[PDB]
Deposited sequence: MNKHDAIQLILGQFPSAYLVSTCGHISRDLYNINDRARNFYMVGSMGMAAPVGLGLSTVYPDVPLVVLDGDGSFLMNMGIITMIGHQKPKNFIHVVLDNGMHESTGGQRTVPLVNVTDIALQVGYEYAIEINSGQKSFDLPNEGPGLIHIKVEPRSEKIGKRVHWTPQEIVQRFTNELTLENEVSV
């Protein structure tokens, strides 16, 4: 399972969720899979996907929100989990796409997520028929991927903002 497969898996599990994708291969992959108006792509600011997602889940506590981190973006701003685990947003899904073979390894991420207050944390190594996820977050999904392309994302950041927030506004209060 590569990152392509893992992102398709996450999309199939949370079809209606708002996605905040960390910058790099993860955002480009997600865009190429299915560029939905509910995908908020990061062009840079490695380490900010999870804070932005936490703010979003604060303002909109009832809507499902998936943050797509890599091992790098996760480790760069690890402290964010302390706030996520303290605020405890109930519809927050922290996905960590981890392609560790050279680097600081990502170890015991699910245990640590549980330690700081996450409601659940699971690990996925291969494509499974199903996995039952507790409907109440915050939940961490650690997915081990093996890297293997894709058109560069053709939306200006302002257009991303407008599409994403328009979707958010119209599918809740209005």
Not represented among the modelled residues are deposited positions 102 to 108, 156 to 158, 185 to 186
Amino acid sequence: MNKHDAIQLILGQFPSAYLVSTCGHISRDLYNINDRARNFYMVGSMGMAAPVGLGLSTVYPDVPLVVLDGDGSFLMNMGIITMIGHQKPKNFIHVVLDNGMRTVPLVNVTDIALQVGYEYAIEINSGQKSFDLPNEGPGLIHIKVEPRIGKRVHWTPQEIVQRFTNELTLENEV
From here on, numbers count along this sequence of modelled residues.
So, looking at the entry's B-factor column for Cα atoms, which has the higher mean, 126 to 134 or 42 to 50? 126 to 134
Would you mind comparing 30 to 38 and 115 to 123 for me and telling me which has the higher average C-alpha temperature factor in the entry? 30 to 38
Among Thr103, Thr82, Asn77, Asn91, which residue carries the highest C-alpha B-factor recorded in the PDB entry? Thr103
So, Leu19's CA B-factor, relative to its chain, sits in which third? The middle
Using the B-factors in the PDB entry, rank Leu65's C-alpha atom against the chain and give the third, lowest, middle or highest. lowest
Considering every modelled residue of the chain and its Cα B-factor in the PDB entry, is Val153 in the lowest, middle or highest third? highest
Modelled-residue ranking by C-alpha temperature factor, third containing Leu56: middle
